[PDB]
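Structural features, examined
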Amino acid sequence: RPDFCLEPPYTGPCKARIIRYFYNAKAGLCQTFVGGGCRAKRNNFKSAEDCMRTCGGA
């Protein structure tokens, strides 16, 4: 899977309270975070489904 699957949630200078998903390699699951609504790359996904298809199993 992509190298970014092993990184922390990709946050940005995002004040918006929009939820995004990230793959937590330590737990093996996609979880939610606020702080990444203004970014759309690396470990930052619109849904858990996208997140698991891309990074699941890393």
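Residues numbered from 1 in each chain as written, not as in the entry; some residues may be left out. Heavy atoms only, no water.

For this deposition, the record names X-ray crystallography as the technique by which the model was determined and cites 1.8 Å as its resolution.

The PDB entry lists the protein under the name BOVINE PANCREATIC TRYPSIN INHIBITOR, with Bos taurus given as the organism. Listed in UniProt under the heading Function, the comment for the protein reads: "Inhibits trypsin, kallikrein, chymotrypsin, and plasmin." What the UniProt record of the protein gives under Subcellular location is the line "Secreted". (UniProt positions renumbered as here; feature names shortened; annotations may be inferred.)

This part is about the side chain of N44. On the secondary structure map, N44 appears in the loop between β2 (29-34) and α1 (48-55). Take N44: its relative accessible area is 5%, and that puts it in the buried class. A distance of 2.9 Å separates a polar side-chain atom of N44 from the backbone oxygen of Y10. Among the polar contacts made by the side chain of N44, one reaches the side chain of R20 at a distance of 2.8 Å. The residues contacting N44, other than those within four sequence positions of it, are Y10, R20, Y21, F33, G36 and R39. (Helix = DSSP H or I, 4+ residues; strand = E, 2+ residues; numbered from the N terminus. Buried < 20%, exposed > 50% of the residue type's maximum accessible area, 1.4 Å probe, protein only. Polar contact = N/O pair within 3.5 Å; in protein donor to acceptor, adjacent residues only side chain to side chain. Contact = heavy atoms within 4.5 Å.)

UniProt records the feature "domain: BPTI/Kunitz inhibitor" at residues 5-55, using the numbering of this structure. For residues 5-55, helix accounts for 16% and strand for 24%, while the C-alpha atoms at its two ends are 5 Å apart.

The side chains of a regular strand alternate, residue by residue, between the two faces of the sheet. Pairing of strand β1 (residues 19-24) with β2, which is carried by six bridges, proceeds in the antiparallel orientation. Note that in β2 the partner of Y23 across the bridge is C30. (Pairing = 2+ DSSP bridges.)

Another aspect to go through is the state of the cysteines. Defined simply, a disulfide is a covalent bond joining two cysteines at their sulfur atoms. By the definition in use, this model includes three disulfides. A sulfur-sulfur separation of 2.0 Å characterises the disulfide bridge that pairs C5 with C55. Because the torsion about its S-S bond is -75°, the bridge between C5 and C55 counts as left-handed. One end of the pair, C5, is in the segment before β1; the other, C55, is in helix α1, with 50 residues separating them in the sequence. Residue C5 shares its accessibility class with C55, and that shared class is buried. Disulfide pairing places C30 opposite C51 at an S-S distance of 2.0 Å. Looking along the S-S bond of the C30-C51 disulfide, the torsion reads about -85°, which is the left-handed sense. (Disulfide = S-S within 2.5 Å.)

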